[PDB]
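Data first, discussion second: the structure below is written as structure tokens.
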Amino acid sequence: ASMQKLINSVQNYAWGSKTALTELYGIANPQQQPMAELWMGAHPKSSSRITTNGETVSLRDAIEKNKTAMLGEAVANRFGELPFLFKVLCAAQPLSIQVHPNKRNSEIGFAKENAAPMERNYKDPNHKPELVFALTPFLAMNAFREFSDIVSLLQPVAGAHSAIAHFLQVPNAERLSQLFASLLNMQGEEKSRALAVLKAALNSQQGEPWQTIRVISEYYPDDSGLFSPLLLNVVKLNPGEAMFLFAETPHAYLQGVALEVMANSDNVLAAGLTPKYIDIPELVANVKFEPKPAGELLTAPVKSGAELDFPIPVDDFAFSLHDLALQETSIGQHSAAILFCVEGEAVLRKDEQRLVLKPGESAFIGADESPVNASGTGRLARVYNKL
Ligand SMILES: [Zn+2]
């Protein structure tokens, strides 16, 4: 078949929602497991599957047998595999603060460690650009605030730690870096003092980001990352809005449901909201202490005909939304594509073949089968490559 309806895996990670995939899309969950991520892709730990005679096969294996035809020549020669993983993320609790090192440092790091597996910081030599697209209202942290915004926010907690007073005396990148590292390094009486000053300020300071710190504290009451919302932008994405997660930039997913597209990597440097050991020097060497103003956080999409593209400054993946109507629209690309029904209902057509996708269902389109025609109602999301 030209168009392959996908059988996708659900990761039942303990932080997942017991209800989100079921309320949104009707996915069955009779035993009320946590359903943390719905995977659409070719990840070796749990590849999506396709149906051929009626047998299913791994999308990863099917791609391995026919790379050029499935991926297109450009992706096949550049990546040698499907270069992205596409997920529905439904976090019932707030998740960890993370940083992804850039390509060059990821390669330096991976080969620094390879001499000594797999506590290693670099699981591979790849960067991990990501884009998050809100399906429900989505609370996140992303990137450093403007310095004068941090100054504002730290006044009420100046007493918490001498690193805060040091930053406020001279609020620059160097002292922000020292602060970030000193916060995450706090121990014993020092951390306890700091958290008790923060606790108190939560009683006297109303609104954001204090509210977000209260929300985090439910799940991470003894964590030095409780200070992070004072340093990092707290953003509430409305459904339909998106943000790109740059290298060397701390971020966290705190509440709600999103689509996420990522490059293939597992280099995650944790930066708080975790019980795991944090290598602070490595972390700091891979963080860009440069403010990102609020106005610059969301990705500005561009609408052309029925297509809303989200420009991504990397080659690893591209992402677009397609409005559906009665009249067919042609969806084409030089690469493999995964098409996901966000809402409404999509009828995909390739020559004689027709494939219906309801909300939350997806299809794989191999490079050789582009373009396909889409009609119906609502919207389809596409992950593809523009190379
Ligand atoms: Zn990330």
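We name chains A, B, ... following the order of the structure tokens; residues begin at 1 in each chain, and ligands are numbered from 1 as shown.
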
Residue 258 (chain A): which residues within 8 Å, counting only C-alpha atoms, same-chain residues fewer than 6 positions away excluded, as JSON, numbers by chain? {"A": [88, 89, 90, 132, 133, 134, 135, 136, 138]}

Contact check, chain A to ligand 1, at most 10 Å, counting only C-alpha atoms and all ligand atoms, closest pairs as CSV:
```
residue,atom,partner,partner_atom_place_in_ligand_line,distance
A:96,CA,ligand 1,1 (Zn),9.3
A:97,CA,ligand 1,1 (Zn),8.2
A:98,CA,ligand 1,1 (Zn),5.6
A:99,CA,ligand 1,1 (Zn),6.2
A:100,CA,ligand 1,1 (Zn),6.3
A:128,CA,ligand 1,1 (Zn),7.2
A:129,CA,ligand 1,1 (Zn),7.6
A:130,CA,ligand 1,1 (Zn),6.5
A:131,CA,ligand 1,1 (Zn),8.8
A:132,CA,ligand 1,1 (Zn),9.4
A:142,CA,ligand 1,1 (Zn),9.8
A:244,CA,ligand 1,1 (Zn),9.6
A:245,CA,ligand 1,1 (Zn),6.6
A:246,CA,ligand 1,1 (Zn),8.6
A:247,CA,ligand 1,1 (Zn),8.8
A:249,CA,ligand 1,1 (Zn),8.9
A:250,CA,ligand 1,1 (Zn),8.1
A:251,CA,ligand 1,1 (Zn),6.5
A:252,CA,ligand 1,1 (Zn),7.2
A:253,CA,ligand 1,1 (Zn),8.5
A:260,CA,ligand 1,1 (Zn),9.6
A:262,CA,ligand 1,1 (Zn),8.4
A:266,CA,ligand 1,1 (Zn),9.5
A:267,CA,ligand 1,1 (Zn),9.2
A:268,CA,ligand 1,1 (Zn),7.1
A:269,CA,ligand 1,1 (Zn),9.1
A:270,CA,ligand 1,1 (Zn),9.6
```

Point out the residue among A:87, A:386, A:49, A:191 with the least atom-to-atom distance to residue 261 (chain A), counting only C-alpha atoms.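 Looking at the shortest contact to residue 261 (chain A), the residue is A:87.
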
For residue 16 (chain A), which of A:347, A:154, A:197, A:35 is the closest residue, counting only C-alpha atoms?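 Closest candidate: A:35.
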
Set the distance at 7 Å and use only C-alpha atoms: which residues neighbour residue 338 (chain A) once local chain neighbours fewer than 3 positions away are removed? I'd like the list as a CSV table (one decimal) with C-alpha atoms, in the first residue's frame.
```csv
chain,number,residue,atom,x,y,z
A,362,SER,CA,-1.3,8.7,11.9
A,363,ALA,CA,0.1,7.4,8.6
A,364,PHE,CA,3.5,7.0,7.2
A,365,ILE,CA,4.2,8.3,3.7
A,382,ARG,CA,3.1,16.6,9.3
A,383,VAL,CA,6.6,15.8,10.3
A,384,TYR,CA,9.0,15.6,7.3
```

Would you return as a PyMOL selection string the members of region 114-337 of chain A that DSSP assigns to strand (DSSP E) on this structure's backbone? chain A and resi 130-134+138-144+232-237+242-245+251-263+269-270+302-304+307-309+318-323+329-331+337

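Excluding residue 3 (chain A) and any residue on its chain fewer than 4 positions from it, the residues at most 9 Å away by only C-alpha atoms are residues 348, 349, 350, 353, 354, 355, 363, 364, 365, 366, 369 and 372 of chain A.
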
How about saving the chosen residues, N, CA, C and O atoms kept, as a short mmCIF file (atom, residue, chain, number, x, y, z; two decimals), in the first residue's frame?
```cif
data_model
loop_
_atom_site.label_atom_id
_atom_site.label_comp_id
_atom_site.auth_asym_id
_atom_site.auth_seq_id
_atom_site.Cartn_x
_atom_site.Cartn_y
_atom_site.Cartn_z
N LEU A 348 -7.15 10.63 3.43
CA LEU A 348 -5.98 10.67 2.59
C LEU A 348 -6.23 9.87 1.34
O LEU A 348 -6.82 8.78 1.42
N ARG A 349 -5.75 10.35 0.19
CA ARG A 349 -5.89 9.58 -1.07
C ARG A 349 -4.63 9.56 -1.91
O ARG A 349 -3.99 10.58 -2.10
N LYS A 350 -4.24 8.38 -2.35
CA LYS A 350 -3.13 8.23 -3.29
C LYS A 350 -3.62 7.32 -4.42
O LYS A 350 -3.72 6.11 -4.26
N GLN A 353 -6.01 4.39 -3.70
CA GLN A 353 -6.06 4.13 -2.24
C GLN A 353 -6.61 5.30 -1.45
O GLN A 353 -6.26 6.46 -1.66
N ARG A 354 -7.47 4.96 -0.52
CA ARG A 354 -8.05 5.89 0.39
C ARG A 354 -7.73 5.37 1.83
O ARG A 354 -7.70 4.18 2.07
N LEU A 355 -7.43 6.28 2.75
CA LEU A 355 -7.13 5.96 4.16
C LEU A 355 -7.70 7.06 5.03
O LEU A 355 -7.31 8.26 4.88
N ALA A 363 -0.36 8.26 9.78
CA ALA A 363 0.09 7.43 8.65
C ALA A 363 1.50 7.81 8.25
O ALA A 363 1.89 8.93 8.43
N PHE A 364 2.26 6.83 7.78
CA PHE A 364 3.53 7.02 7.23
C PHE A 364 3.41 7.08 5.69
O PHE A 364 2.88 6.19 5.08
N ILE A 365 4.05 8.06 5.12
CA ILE A 365 4.19 8.27 3.68
C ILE A 365 5.68 8.23 3.30
O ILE A 365 6.41 9.15 3.60
N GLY A 366 6.11 7.16 2.61
CA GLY A 366 7.44 7.06 2.11
C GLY A 366 7.69 8.06 0.99
O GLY A 366 6.76 8.46 0.30
N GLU A 369 6.24 7.74 -2.36
CA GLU A 369 4.78 7.79 -2.49
C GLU A 369 4.24 9.20 -2.41
O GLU A 369 3.02 9.39 -2.48
N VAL A 372 0.39 13.09 -1.50
CA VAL A 372 -0.92 12.47 -1.29
C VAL A 372 -1.90 13.59 -1.20
O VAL A 372 -1.50 14.70 -0.88
#
```

CA of residue 271 (chain A) and CA of residue 180 (chain A) are how many Å apart? 9.1 Å

Run DSSP on the backbone and give me the residues of region 46-204 of chain A it puts in helix (DSSP H, G or I), as a PyMOL selection string. chain A and resi 59-64+67-71+73-78+103-114+147-160+162-169+173-184+188-204

Between CA of residue 201 (chain A) and CA of residue 152 (chain A) - distance in Å to one decimal: 13.2 Å

Selection near residue 337 (chain A), 12 Å with only C-alpha atoms, sequence-local residues under 3 positions removed, as an NGL selection string: :A and (3-6 or 40-42 or 70-72 or 75 or 82-86 or 317-320 or 331-334 or 340 or 362-372 or 380-386)

Spatial neighbours of residue 345 (chain A), max dist 8 Å, only C-alpha atoms, sep filter under 6 positions, as a PyMOL selection string: chain A and resi 356-359+376-379

Output file for the residues above (N, CA and C atoms, as a compact mmCIF listing (two decimals), in the first residue's frame):
```txt
# COMPACT_ATOMS: atom_id res chain seq x y z
N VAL A 356 -8.58 6.67 5.95
CA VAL A 356 -9.21 7.60 6.88
C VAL A 356 -8.43 7.63 8.19
N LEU A 357 -8.13 8.82 8.68
CA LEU A 357 -7.53 8.98 9.98
C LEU A 357 -8.45 9.80 10.88
N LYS A 358 -8.81 9.24 12.02
CA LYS A 358 -9.49 10.00 13.08
C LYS A 358 -8.50 10.70 14.02
N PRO A 359 -9.00 11.58 14.91
CA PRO A 359 -8.04 12.31 15.72
C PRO A 359 -7.10 11.39 16.52
N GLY A 376 -11.19 16.58 4.15
CA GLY A 376 -12.05 16.25 5.31
C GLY A 376 -12.34 17.53 6.07
N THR A 377 -12.19 17.47 7.41
CA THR A 377 -12.32 18.60 8.33
C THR A 377 -11.23 18.56 9.40
N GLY A 378 -10.99 19.71 10.03
CA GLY A 378 -9.98 19.83 10.99
C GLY A 378 -8.60 20.07 10.40
N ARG A 379 -7.60 19.49 11.08
CA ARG A 379 -6.19 19.73 10.79
C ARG A 379 -5.37 18.44 10.88
```

Near residue 308 (chain A), counting only C-alpha atoms, which residues have an atom at most 9 Å away, once you skip same-chain residues fewer than 5 positions from it, shown as a short mmCIF file (atom, residue, chain, number, x, y, z; two decimals) with N, CA, C and O atoms, in the first residue's frame?
```cif
data_model
loop_
_atom_site.label_atom_id
_atom_site.label_comp_id
_atom_site.auth_asym_id
_atom_site.auth_seq_id
_atom_site.Cartn_x
_atom_site.Cartn_y
_atom_site.Cartn_z
N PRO A 301 4.86 30.85 12.94
CA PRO A 301 4.64 30.11 11.72
C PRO A 301 4.28 31.01 10.55
O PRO A 301 4.04 32.25 10.68
N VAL A 302 4.28 30.37 9.39
CA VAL A 302 3.97 31.11 8.13
C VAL A 302 2.88 30.33 7.38
O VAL A 302 3.05 29.12 7.21
N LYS A 303 1.79 31.01 7.04
CA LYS A 303 0.66 30.38 6.35
C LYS A 303 0.69 30.62 4.85
O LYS A 303 0.66 31.77 4.38
N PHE A 319 8.13 20.74 10.29
CA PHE A 319 6.84 20.56 10.88
C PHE A 319 5.82 21.53 10.34
O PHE A 319 6.03 22.73 10.37
N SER A 320 4.65 21.01 9.95
CA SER A 320 3.61 21.81 9.33
C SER A 320 2.23 21.31 9.70
O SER A 320 2.03 20.07 10.01
N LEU A 321 1.27 22.25 9.75
CA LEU A 321 -0.14 21.92 9.98
C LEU A 321 -0.89 22.19 8.70
O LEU A 321 -0.60 23.21 8.01
N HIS A 322 -1.89 21.35 8.39
CA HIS A 322 -2.62 21.44 7.15
C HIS A 322 -4.11 21.48 7.45
O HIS A 322 -4.63 20.58 8.08
N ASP A 323 -4.77 22.55 7.04
CA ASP A 323 -6.23 22.65 7.29
C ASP A 323 -6.91 21.78 6.27
O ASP A 323 -6.48 21.71 5.06
#
```

Counting only C-alpha atoms, which of A:24, A:237, A:243, A:387 gets nearest to residue 342 (chain A)? A:24

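One distance worth recording is that between CA of residue 289 (chain A) and CA of residue 175 (chain A), which is 9.5 Å.
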